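One-based numbering, in listed order, for ligands and for the atoms of each. We name chains A, B, ... by the order of the sequence lines, and we start the count at 1 in each one.
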Amino acid sequence: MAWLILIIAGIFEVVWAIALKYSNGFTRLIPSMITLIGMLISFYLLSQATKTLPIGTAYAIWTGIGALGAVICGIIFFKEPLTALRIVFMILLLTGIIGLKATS
Amino acid sequence: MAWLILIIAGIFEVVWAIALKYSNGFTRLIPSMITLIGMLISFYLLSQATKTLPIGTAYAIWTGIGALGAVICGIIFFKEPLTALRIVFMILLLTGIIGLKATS
Amino acid sequence: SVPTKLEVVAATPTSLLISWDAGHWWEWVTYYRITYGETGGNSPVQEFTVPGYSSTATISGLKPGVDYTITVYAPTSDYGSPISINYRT
Amino acid sequence: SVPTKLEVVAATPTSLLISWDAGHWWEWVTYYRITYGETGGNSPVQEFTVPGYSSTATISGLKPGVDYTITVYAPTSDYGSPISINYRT
Ligand SMILES: CCCCCCCCCCCCP(C)(C)=O
């Protein structure tokens, strides 16, 4: 459940991350607003998850979901080159996340 | 120059991590405030170190220091698990993150 | 036990200035939530939160000559122990 | 691009009620800074800001019978040139 909250925190993290670059200099109302909300929610759910999860693990999985969402979105949406290296790295990242959840 | 500012940004990354763990979900004032201000500091110093250094390697080293030091201080302060599995899967996870952010 | 020593600093037929002990800097919380209502009953109890960097708070809009209970809650009751008082305006 | 169509909706000897077209949702800025001054320049001008979720704004304390220039700036010059109009109260 804290792991589910952590997944969702990483999701809102990547969402506010990209809505941040879609806001120019924090001036476009709708994107700046998405970022504000997603920041509040990402960090709030992250704190809630840290209440019951080890900090070095919760932070690492949160950052990992941030990075994986960032890449997955770049490849899918913003037309990013999918390399063998990036595939191997996403595999390492998912394996790390899954194996961390698997040693609870 | 900007390399050491990047190092310091990663240090404040682990700082607001550990301060978030102490805040018991943004309830204890001071750890919550160390968290907020350490966030702001890390982000500003990241902007500083990134207006010179490559965003790829800058983010790579930044989140690497953040995640690794969070794992370390978790194993230390909150005496979080230091098993063979957990460390191996943390290695996989951090290498995946460092690799994905070093190829963007 | 945060907080401690909830007392009515100043008062008026229609308002109370209350204060409490925020405790030591590791007991300081991000916010307190204050509740106040007619000790009799009748209705529910009014409520508002207050920043944790504030040991005092004012309660306005009250009936004169009426006895109100006033509780002060921490975010959680981990070290929390809601301290309440009674004051008749 | 934004903002557009700065028209004085209403007017009084000492007050104007202006509005603009905020645009499409992806053009909505976080705030517009409105600046009104005597259309010549006696000493400074006068300026306030308005949250980007608002397209109308009222202006008060104007000298009756005086022509004023009223500009509505986006947060940055990227969005567009600052539109402005003239109006004698
Ligand atoms: C910018 C930092 C993240 C946003 C702050 C969130 C504050 C929420 C406080 C948590 C409330 C504790 P509870 C158990 C009554 O919900």
Side-chain angles (χ1 to χ4, degrees), chain A residues 1-20 23 26 31-53 55 58-63 65-66 69, chain B residues 9 12-47 63 66 70, chain C residues 1-3 20 22-23 25-36 44-54 57 71-84, chain D residues 30:
Chain A
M1 177 52 188
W3 308 84
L4 170 77
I5 289 182
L6 181 59
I7 309 308
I8 297 190
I11 293 308
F12 283 93
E13 192 273 346
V14 61
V15 171
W16 75 250
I18 61 168
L20 180 61
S23 103
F26 221 92
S32 304
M33 166 107 33
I34 299 179
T35 69
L36 218 69
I37 295 163
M39 274 179 163
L40 295 176
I41 283 175
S42 168
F43 298 145
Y44 171 84
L45 307 182
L46 181 70
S47 71
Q48 298 307 317
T50 54
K51 286 175 68 176
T52 86
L53 292 177
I55 183 68
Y59 175 92
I61 300 171
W62 176 75
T63 281
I65 296 151
Chain B
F12 277 90
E13 198 76 348
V14 58
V15 160
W16 74 258
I18 300 302
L20 183 56
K21 193 79 177 90
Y22 283 116
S23 73
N24 282 135
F26 290 108
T27 61
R28 292 216 280 270
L29 186 97
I30 296 312
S32 306
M33 307 215 294
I34 302 306
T35 303
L36 301 190
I37 74 101
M39 277 174 166
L40 288 192
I41 285 179
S42 165
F43 177 82
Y44 190 88
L45 306 197
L46 184 65
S47 67
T63 72
Chain C
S1 264
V2 247
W20 54 91
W25 66 266
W26 58 92
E27 298 166 311
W28 292 353
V29 302
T30 55
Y31 71 96
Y32 310 88
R33 86 170 192 274
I34 285 93
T35 302
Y36 61 101
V45 280
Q46 209 72 43
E47 185 169 343
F48 60 87
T49 77
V50 155
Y53 52 78
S54 307
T71 317
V72 168
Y73 301 89
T76 72
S77 182
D78 304 325
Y79 209 18
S81 45
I83 72 186
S84 63
Chain D
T30 47

Checking B:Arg28 side chain against B:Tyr22 main chain: does a donor-acceptor pair fall under 3.5 Å?
-> yes

In terms of residue, atom name and distance, what is the protein heavy atom nearest to atom 14 (C) of ligand 1?
-> C:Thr76 CG2, 4.2 Å

Ring center gap for B:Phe43 and B:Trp16 short of 6.0 angstrom = no

Looking only at atom types and distance, does a side-chain atom of A:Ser42 sit under 3.5 Å from a main-chain N or O of A:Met39, one as donor and one as acceptor?
-> no

Where ligand 1 meets B:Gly25 - atom numbers and elements under 4.0 angstrom, heavy-atom basis = 9 (C), 10 (C)

In terms of atom number and element, which parts of ligand 1 are under 4.0 angstrom from non-hydrogen atoms of A:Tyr44?
-> 6 (C), 8 (C), 10 (C), 16 (O)

Contacting atoms of ligand 1, where contact means under 4.0 angstrom from a heavy atom of A:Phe43 = 3 (C)

How far is atom 2 (C) of ligand 1 from its nearest protein heavy atom, and which residue and atom name does that atom have?
-> B:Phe26 CZ, 3.4 Å

Nearest 0.5 Å please: distance from the CG atom of A:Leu36 over to the CD1 atom of A:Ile41.
-> 10.5 Å

d(A:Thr35 OG1, A:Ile18 CD1) to nearest 0.5 Å is 11.5 Å

Which residue and non-hydrogen atom of the protein lie closest to atom 15 (C) of ligand 1, and at what distance in Å?
-> C:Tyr31 OH, 3.1 Å

Closest to atom 12 (C) of ligand 1 among B:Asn24, B:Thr27, A:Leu46, A:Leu36 (heavy-atom distance) | B:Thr27

Indicate, as side chain, backbone, both or neither, the part of C:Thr30 found under 4.0 angstrom from ligand 1 when only non-hydrogen atoms are considered.
-> neither

Euclidean distance, A:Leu46 CG relative to A:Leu6 CG, rounded to 0.5 Å = 7.0 Å

